[PDB]
Structure formats: structure tokens, C-alpha cells
Amino acid sequence: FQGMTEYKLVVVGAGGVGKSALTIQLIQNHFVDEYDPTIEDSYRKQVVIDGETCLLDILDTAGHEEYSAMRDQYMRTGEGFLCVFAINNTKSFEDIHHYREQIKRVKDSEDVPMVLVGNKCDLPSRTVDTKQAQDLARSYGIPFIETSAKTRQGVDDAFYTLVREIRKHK
Ligand SMILES: Nc1nc2c(ncn2[C@@H]2O[C@H](COP(=O)(O)OP(=O)(O)NP(=O)(O)O)[C@@H](O)[C@H]2O)c(=O)[nH]1
Ligand SMILES: COc1cccc(-c2ccc(Nc3ccc(C[NH+](C)C)cc3)cc2)c1
Ligand SMILES: [Mg+2]
């Protein structure tokens, strides 16, 4: 034993869905109200999940990004993916399929650890129904979690569930 197990997590999804808010809420217990678009940021947190101490290495991605070769590099290194949309933005939900395809393509695999995340569940302007999202997740064979970076609902659960998925995969 040389140190706690390490997991490489990538947070992906359309611009504005709250990928950064979720990550910052996890790491710093802080909600960011301001919208500062991200290019690429890396974070690290030690947690205990199901009695195993482990180290989450988290890559926060950009939503607004085209073809890049830098992009495909970290999808190759990443062991698990949080695919985030916002429950008040139907476009970000439809984009989920595109994110999953990019991942499946680069990892050259049908069975990649993933979790579907419906963020901003605190907002009253919901446009994507929970049942719809559960059905999408059921069809992909992956878990679905509703989160709010603001209230903190589901945040820990989302990351911990992803880790549990990576564990099952090996
Ligand atoms: N009400 C509410 N607002 C949220 C939530 N998550 C993020 N936001 C808000 O939505 C905006 C976008 O959040 P942000 O984390 O920057 O989104 P992002 O996916 O990281 N954007 P980008 O892809 O450009 O980096 C911020 O103003 C933030 O306050 C949430 O769960 N609830
Ligand atoms: C290539 O694809 C990946 C994919 C996903 C995550 C990672 C990853 C994330 C964070 C770290 N670690 C890290 C290093 C420095 C700091 C900054 N320190 C001040 C804490 C934070 C995290 C390392 C790798 C790499
Ligand atoms: Mg971001």
C-alpha cells in the first residue's frame, strides 16, 4: 500500500449548467452566484466512500468548446464522467447524447462509468421532467441524480455515486 486509491473524474455538459458550481460546492462548501465561464480547472478532494479512503481528482471542463485535441486527451485519461444538464434548459438535456457519444468514441467502449446529473433542481422554471431524465439514464444503463449547487442537494451523492460506478467497472 503506497497511498489512498485515486479516481479521475471529469465533469462535462453544456455551458451554464453549473459544472463549476457543483465542483466548488463539493470542494469549498461555497455557492458561486457569478457566472465565470471555464476553460479548464483541476481540483482534488479526499473523501471516505463505503469505508475506502480515496482521492478524487476532478477535471472541470468548458461547455462552450469545439473540436480540440486537448479536449480528447483528458477524456482518454478520465475514468468516470458526470454528464450535467440543467433541469430548466432543454437544450442542455438534448446535448447529453452528444457528450455521451464523444466519450464512447474516444474510450472506444460502450460501457464507461457515467452518471447523469440534473442540476438547478431548486429552480421553479423546470422544463425537463424527472421521469424523462430517468428514462434516458435507464436507456444508457447509468444512474441519474438531481442536484442543486445552491441548496447542496445531491452534490456529494453525485460524485460518490460516480466513484461507486468506477469501482463496479473494475
Ligand atoms: N439556482 C441555481 N443556479 C445555479 C446552480 N448551479 C449553477 N447555478 C448558476 O448558474 C450559473 C452558471 O454556473 P456555472 O458553474 O458557471 O456553470 P458552468 O457549467 O461551469 N459554465 P461553463 O461551462 O461556461 O464553465 C451561475 O451564475 C450559477 O450561480 C444551481 O444548482 N441552482
Ligand atoms: C487528463 O485527464 C484527467 C481527467 C480527470 C482528472 C484529472 C486530474 C485532476 C486533478 C489532478 N490533480 C490536481 C493537481 C493540482 C491541484 C491544485 N492544488 C493547488 C490543489 C489540484 C488537482 C490531477 C488529474 C486528469
Ligand atoms: Mg465550468
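Notes on the structure in this doc start here.

Not every one of the 23 residues close to ligand 1 is listed here, only the nearest: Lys 19, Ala 21, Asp 33, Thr 38 and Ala 149. A distance of 3.2 Å is found between a nitrogen atom of ligand 1 and a backbone nitrogen or oxygen belonging to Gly 16. The backbone of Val 32 places a nitrogen or oxygen atom 2.8 Å from an oxygen atom of ligand 1. Protein contacts shield 91% of the accessible area of ligand 1, which totals 650 Å² for the unbound molecule. When residues in the shell around ligand 1 are grouped by element, the largest group, 3 residues, is from helix α1 (residues 19–28).

Distances from the magnesium ion (ligand 3) to its protein donors, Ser 20 (OG) and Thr 38 (OG1), fall within 2.2 to 2.4 Å. One end of the pair, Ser 20, is in helix α1; the other, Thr 38, is in the loop between α1 and β2 (40–49), and 18 residues separate them in sequence. Given the relative accessible area of 17%, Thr 38 is considered buried.

What follows covers unusual backbone geometry. Non-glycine residue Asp 50 carries a positive phi angle of around 55 degrees. Residue placement: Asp 50 occurs in the loop between β2 and β3 (52–61). On the basis of relative accessible area, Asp 50 is assigned to the exposed category, the value being 55%. We note that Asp 108 has phi near 55 degrees; this positive angle belongs to a residue other than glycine. Examined against the element boundaries, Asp 108 turns out to sit in the loop between α4 (96–107) and β5 (114–119).

Orientation of helix α2 (residues 69–77) relative to α4, taken along the N-to-C sense of each, is 75 degrees, at an axis distance of 9 Å. Put simply, α2 runs roughly perpendicular to α4. Contacts between α2 and α4 involve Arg 71, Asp 72, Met 75 and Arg 76 from the first element and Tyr 99, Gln 102, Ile 103, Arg 105, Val 106 and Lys 107 from the second. For the contact of α2 with α4, a count of residues per class yields 4 nonpolar, 1 polar and 5 charged.

Tallied over the full model, the rule gives 2 aromatic pairs. Note on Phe 85 and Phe 144: the rings are 6.4 Å apart at their centroids and 15 degrees apart in plane angle, and the pair reads as stacked. Here the residue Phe 85 occupies a position in strand β4 (residues 80–86), and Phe 144 occupies one in strand β6 (residues 144–146), the gap between them amounting to 59 residues. The exposure class assigned to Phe 85 is buried, which follows from its relative accessible area of 0%. The class for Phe 144 is buried, based on a relative accessible area of 17%. Counting every residue linked through ring pairs, the aromatic cluster contains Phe 85, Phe 93 and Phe 144. Over the ring of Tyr 140 we find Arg 100; its NZ or CZ atom is 4.4 Å from the centre of that ring.

We now examine the pattern of salt bridges. Per the stated rule, a full pass over the model turns up 12 salt bridges. Note that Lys 8 and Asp 57 form a salt bridge whose closest N and O atoms lie 3.9 Å from each other. A residue pair is termed long-range when its members are at least 10 positions apart, and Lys 8 in strand β1 (residues 5–12) and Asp 57 in strand β3 qualify at 49 residues. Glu 52 serves as the salt-bridge partner of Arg 167, at 2.9 Å between the closest nitrogen and oxygen. Remark: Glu 52 occurs in strand β3 and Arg 167 occurs in helix α6 (residues 155–168); sequence separation between them is 115 residues. Classification of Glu 52 by relative accessible area gives partly exposed; the value is 29%. One continuous salt-bridge network, built from bridges that share partners, spans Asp 50, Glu 52, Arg 164 and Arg 167.

Reading the values: the criteria
Residues numbered from 1 in each chain as written, not as in the entry; some residues may be left out. Chains lettered and ligands numbered in written order. Heavy atoms only, no water. Residues with missing side-chain atoms left out of burial classes, pairs and counts. Near = heavy atom within 4 Å. Polar contact = N/O pair within 3.5 Å; in protein donor to acceptor, adjacent residues only side chain to side chain. Areas by Shrake-Rupley, 256 points an atom, 1.4 Å probe, with all protein chains shown as cover. Helix = DSSP H or I, 4+ residues; strand = E, 2+ residues; numbered from the N terminus. Donors = N, O, S within 2.8 Å, 3.2 Å for Na, K, Ca; no water. Buried < 20%, exposed > 50% of the residue type's maximum accessible area, 1.4 Å probe, protein only. Axes fitted to C-alpha atoms, helices over the stretch in contact; angles between N-to-C directions. Parallel < 35°, antiparallel > 145°, perpendicular 65-115°, else oblique. Contact = heavy atoms within 4.5 Å. Nonpolar A, V, L, I, M, F, W, Y, C, P; charged D, E, K, R; others polar. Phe/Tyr/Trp six-rings, centres within 6.5 Å; stacked < 30°, edge-to-face > 60°. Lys NZ or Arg CZ within 6 Å of the ring centre and 35° of its normal. Salt bridge = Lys/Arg side-chain N within 4 Å of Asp/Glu carboxyl O.

Scope: geometric values only; no functional claims are made or implied.
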